C-alpha cells in the first residue's frame, strides 16, 4: 500500500501508442526496465519494497486478462530510487508457472532492481506494451516473456524522473 502504487493503479491506457515527442517515446518504449537507464543519469539505483508475496486471481484484476489463468501469482510492488529519490513505482505480476528454471529466482530477487542484466541464461521478449496516463503522469504496462514464460510489468514514472 502506498500513494505511488495507488497512482499506478489508476493509470488509463491507450491501445495505440500516442504520437509523443521522440525523447519521451525513447523512454516509454525502452526495451528493458529503467534500472540501467536511470543509472545512466549518474545515479545509484535502489529498490524500496512496498509489497512482495503470493496472491490469488482476485488481487490482479488489471493483469488477469493478459496472463494465464492460474491459482497463484507472485506480486512485487516497488519504489525505484535514484540516489534515494523515488523516480518510479513498479508492479510486477508473475504467474507461478513462470517461476521455473532460472526464472524461479524472480521470487527471491528482493531489493535487487529488475533488469535485463539479471537474465543471463534466458531470452527476453516483449509481446505487448501500452502507454497509460494518470493526472499529468505517464506510465506503461508490458507483457514480457523469459524463455517464453510471461509476466506483467506496470511502471509509473514519478515526476522526479527525467521524463519530465
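Positions refer to the first chain, counted from 1.
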Review point. Once you work out the mean C-alpha B-factor for both 136-144 and 19-27 from the entry, which is higher?
Key: 19-27
Practice item. Select between 9-17 and 152-160 the stretch whose C-alpha atoms have the higher average B-factor in the entry. Key: 9-17
**Study point:** Of the residues 41, 46, 123, 98, the one carrying the largest Cα B-factor as recorded
**Key:** 123
Practice item. Quick one: which of 32, 130, 127, 70 shows the highest Cα temperature factor in the PDB entry? Key: 127
**Study point:** Entry-reported Cα temperature factor of residue 60, expressed as the chain third it lands in
**Key:** middle
Point to revise | CA B-factor ranking of residue 109, expressed as a third of its chain | key: highest
